[PDB]
Chemist: 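What follows is a structure written as structure tokens; I'll ask about it next.
Computed from heavy atoms alone, side chains included, the values below leave out hydrogens, waters and symmetry copies. Chain letters run A, B, ... following the sequence lines, proteins first and then strands; every chain starts at 1.
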Amino acid sequence: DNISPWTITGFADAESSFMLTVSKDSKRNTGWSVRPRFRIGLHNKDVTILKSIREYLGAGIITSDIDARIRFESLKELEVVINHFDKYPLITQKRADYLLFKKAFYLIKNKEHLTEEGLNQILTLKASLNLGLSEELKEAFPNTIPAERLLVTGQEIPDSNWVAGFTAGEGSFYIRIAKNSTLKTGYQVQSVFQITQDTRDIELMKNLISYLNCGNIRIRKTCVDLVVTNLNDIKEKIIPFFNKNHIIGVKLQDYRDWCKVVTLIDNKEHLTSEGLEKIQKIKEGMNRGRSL
DNA sequence: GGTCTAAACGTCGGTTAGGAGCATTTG
DNA sequence: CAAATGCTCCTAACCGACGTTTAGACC
Ligand SMILES: [Ca+2]
Ligand SMILES: [Ca+2]
Ligand SMILES: [Ca+2]
């Protein structure tokens with residue numbers, strides 16, 4: 001089965017990266033090598049996801065060593081990328097990065113990066129891209145003025161598949177077992193849906209809650225979480241939503257086991273010892289407890 | 001009070017993100 | 001020759017995922 005473009009975009013909002021490498025090359029006229037990259041790096045166990053992406057865009061190089069990566073570094077591949085994200089725009093702060101990247105791309109495509117002016121401009125672009133300029137690049141290009149970075153605000157959810165890809169990237173379906181003496185079975189069993197993101201896009205997360213009509217915002221001791229713990233919201237909103245909008249990767253399997261446990265909780269089997277052992281058995285093989 | 005649900009509060013460790021540069025091809 | 005791209009190696013935090021305690025409904 002083929003993947004949705006908005007799923008690709010959501011997942012990219014989650015896990016992808018737009019990069020500019022500027023490295024001193026003595027074998028070049030400007031004395032510098034400038035190259036744009038787009039990349040997605042995952043755990044090996046999710047190679048298939050990358051393949052799916054590769055199948056949709058018809059571009060990208062997939063490798064697998066200590067991790068699995070799909071990369072786009074040549075001009076043509078990057079054209080494919082830019083086409084996709086122009087048709088299907090990111091909505092997190094990463095979009096900003098994309099724009100910078102995009103600008104840089106066109107400077108390199110038109111070869112004016114081989115000009116010192118072009119080089120300097122590209123350095124202003126990298127200055128505001130992700131982690132910005134290293135100390136080495138800072139001293140190599142003194143007092144470069146960081147390009148204006150677009151603050152991504154008022155981002156409406158473009159598509160439900162975007163949500164699917166995004167939680168496929170940052171989401172978490174897990175079962176919480178709490179040591180509670182008030183429970184005659186000895187433990188409280190909770191089904192929990194979660195999405196984690198840096199505070200920079202808290203607005204989006206809030207706008208996401210309204211989209212799912214459930215969830216609470218949690219601020220950590222930094223990061224922000226969309227947390228769904230209400231069983232009825234889970235059974236009536238979340239589960240149907242992700243049954244319609246599929247989760248890719250191993251997290252799909254995790255989500256299935258999660259679903260099974262939710263059904264066990266709905267039938268109040270979590271209130272008995274037998275059902276508790278059952279649920280625990282399912283949980284031990286979920287997420288961090290899964291194998292090859 | 002007894003019980004259970006929802007969720008606020010807490011915390012670990014690694015899969016993500018982000019990085020830089022040599023090697024090879026293209027020309 | 002030089003410019004583009006292929007390929008490989010390095011770094012660590014924003015994530016994922018796990019745990020306990022608190023407010024409070026029904027009975
Ligand atoms: Ca992310
Ligand atoms: Ca992930
Ligand atoms: Ca992630």
Chemist: Rounding to 10 degrees, work out the angle separating the end axes of the helix from B/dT16-C/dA12 to B/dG27-C/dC1 (five pairs an end).
Modeler: 10°

Chemist: Check whether any side-chain nitrogen or oxygen of A/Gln190 sits under 4.0 Å from OP1 or OP2 of B/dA7, and answer yes or no.
Modeler: no

Chemist: Return the value, rounded to whole Å, for the distance between atom CE of A/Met286 and atom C1' of C/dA17.
Modeler: 10 Å

Chemist: In this structure, are over 12 heavy atoms from other groups packed under 6.0 Å from A/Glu55 atom CD?
Modeler: no

Chemist: Using a cut-off of strictly less than 4.0 Å, decide whether A/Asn287 has a side-chain nitrogen or oxygen near OP1 or OP2 of C/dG16.
Modeler: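 Checking A/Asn287 against C/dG16: no side-chain N or O falls below 4.0 Å of OP1 or OP2.
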
Chemist: If you look at every strand shown and take non-hydrogen atoms under 4.0 Å, does A/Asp67 touch a base, only sugar-phosphate, or nothing?
Modeler: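 A/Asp67: base contact, heavy atoms under 4.0 Å.
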
Chemist: Hey, is the side chain of A/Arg176 pairing donor to acceptor with the base of B/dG10 inside 3.5 Å?
Modeler: no

Chemist: If you look at every strand shown and take non-hydrogen atoms under 4.0 Å, does A/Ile195 touch a base, only sugar-phosphate, or nothing?
Modeler: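 Nothing: the residue A/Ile195, judged by heavy atoms under 4.0 Å, touches no strand.
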
Chemist: Reckon A/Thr196 touches a base, only the sugar-phosphate, or nothing at all at heavy-atom distances under 4.0 Å?
Modeler: base

Chemist: Hey, does the side-chain of A/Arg220 have a donor or acceptor N/O within less than 3.5 Å of a partner on the base of B/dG10?
Modeler: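 Under the 3.5 Å cut-off, the side chain and the base do not form any donor-acceptor pair.
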
Chemist: The side chain of A/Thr21 lies closest to which of these nucleotides: B/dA7, B/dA20, C/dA3?
Modeler: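 When the side chain of A/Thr21 is considered, B/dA20 is the closest of B/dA7, B/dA20, C/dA3.
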
Chemist: Side-chain donor or acceptor of A/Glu73 under 3.5 Å from a matching atom on the base of C/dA4?
Modeler: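 For A/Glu73, whose side chain was compared with the base of C/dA4, there is no donor-acceptor pair (under 3.5 Å).
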
Chemist: Given B/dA6, is OP1 or OP2 found less than 4.0 Å from the side-chain N or O atoms of A/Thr229?
Modeler: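 Answer is no, no contact under 4.0 Å.
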
Chemist: Per the atom types in the model, does the base of B/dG19 pair as donor or acceptor with the side chain of A/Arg71 at under 3.5 Å?
Modeler: no

Chemist: Could you tell me whether the side chain of A/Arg218 has a donor or acceptor atom within less than 3.5 Å of a complementary atom in the base of B/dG10?
Modeler: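 Answer yes: a donor N or O sits under 3.5 Å from an acceptor.
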
Chemist: Using a 4.0 Å heavy-atom cut-off, does A/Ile66 contact any base of the nucleic acid, only the sugar-phosphate backbone, or nothing at all?
Modeler: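 The answer is nothing, as A/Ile66 stays clear of every strand by at least 4.0 Å.
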
Chemist: Record whether the side chain of A/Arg35 comes under 3.5 Å of the base of B/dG19 through a donor-acceptor pair of N or O atoms.
Modeler: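 Flag unset: no donor-acceptor pair detected.
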
